[PDB]
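This report concerns only the one structure given below.
Here, each number is a calculation from the coordinates, and none is a lab measurement. Neighbour counts run over all protein chains shown; Cβ positions are idealised from the backbone, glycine included.
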Amino acid sequence: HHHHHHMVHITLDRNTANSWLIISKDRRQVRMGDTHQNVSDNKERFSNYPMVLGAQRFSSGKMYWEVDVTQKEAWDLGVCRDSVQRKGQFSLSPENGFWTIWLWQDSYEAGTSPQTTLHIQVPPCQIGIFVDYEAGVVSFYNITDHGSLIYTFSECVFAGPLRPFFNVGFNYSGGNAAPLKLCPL
Ligand SMILES: c1cc(NC[C@H]2CCCO2)ccn1
């Protein structure tokens, strides 16, 4: 792809994080802690899942960023509306304000409703995410496989400002402790 020149510097918003997440000093990495991280509760925190938002809000233009997922067994990545539900149970779908892909149990899927199987020959270690606000497009790229296309959501109805979206996943297995990292430009 040729989206690299739309690169944006994303940082994580601590205030939105589930209370078990640990965000690095530079706000560029996030991982699952083994306990509550001793923060107060607030209406912005995702309560039920190990999720966090980027601080940046997008309402126009073209934006691109990359995320490192090396050695993880489970994660969700993409964008979401600023006004998505934070508390309780919900599914990741465009109807609920999410445009996402994930890894779960050795398969990759797009967060449509119902979910769509992805066809990935080279398991990615870094994911590229492209948003074209005006066109209503969210695309995902396999950086490990020379930028090959993973998935495109088109005809998106964003219906609000967008924020970068992250889920580090649970670590019931002991094999999913590794962080998500925002990769340098
Ligand atoms: C199972 C459930 C846990 N709940 C506390 C936090 C983590 C994400 C959702 O809320 C923590 C660890 N194992």
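Of all residues in region 43-67 being of a type in the set (S, T, N, Q) and within 14 Å of the ligand (Cβ to nearest atom), which is farthest from residue 90 (Cα to Cα)?
47
Could you grab me the full set of residues in region 92-108 that are surrounded by 14 or more Cβ atoms within 10 Å (Cβ to Cβ) and either touching a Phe, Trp or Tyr at 6+ places or on another chain (Cβ under 6 Å) or under 14 Å from residue 156 (Cα atoms) (or both)?
Quick first cut of region 92-108, residues surrounded by 14 or more Cβ atoms within 10 Å (Cβ to Cβ) only: 92-94, 96-103, 108.
Within region 92-108, 92, 93, 94, 96, 97, 98, 99, 100, 101, 103 qualify.
Checking residue 126 against (1) buried (at least 19 other Cβ atoms within 10 Å of the Cβ); (2) closer than 21 Å to residue 24 by Cα; (3) in contact with a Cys (Cβ under 8 Å, 6 or more places away or on another chain), which test does it fail?
Going through the list (1) buried (at least 19 other Cβ atoms within 10 Å of the Cβ); (2) closer than 21 Å to residue 24 by Cα; (3) in contact with a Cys (Cβ under 8 Å, 6 or more places away or on another chain), residue 126 breaks only (1).
Identify, from the list 165, 158, the residue that is on the phi < 0 side of the Ramachandran plot, surrounded by 18 or more Cβ atoms within 10 Å (Cβ to Cβ) and not in a strand (DSSP E or B). So that I can check it myself, show each step before the final result.
Working: 165 fails: not in a strand (DSSP E or B).
Just one listed residue meets the conditions, 158.
For region 105-120, give me the residue count where each residue is over 14 Å from the mean Cα position of the chain (by Cα) and not in a loop (DSSP other than H, G, I, E, B).
The qualifying residues number 3.
Which residues, counting only those in region 10-40, are of a type in the set (A, V, I, L, M, F, W, C) and more than 15 Å from the chain's Cα centre (by Cα)?
Residues satisfying the conditions are 20, 22, 39.
Cβ-Cβ distance below 7 Å, separation of 6 or more or different chains: which pairs start in region 152-174 with a residue that is under 19 Å from residue 8 (Cβ atoms) and end on one that is among the acidic types (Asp, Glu) and assigned to a loop (DSSP other than H, G, I, E, B)?
Taking only residues 6 or more apart or on different chains, the pairs are 160/82; 161/82; 163/82.
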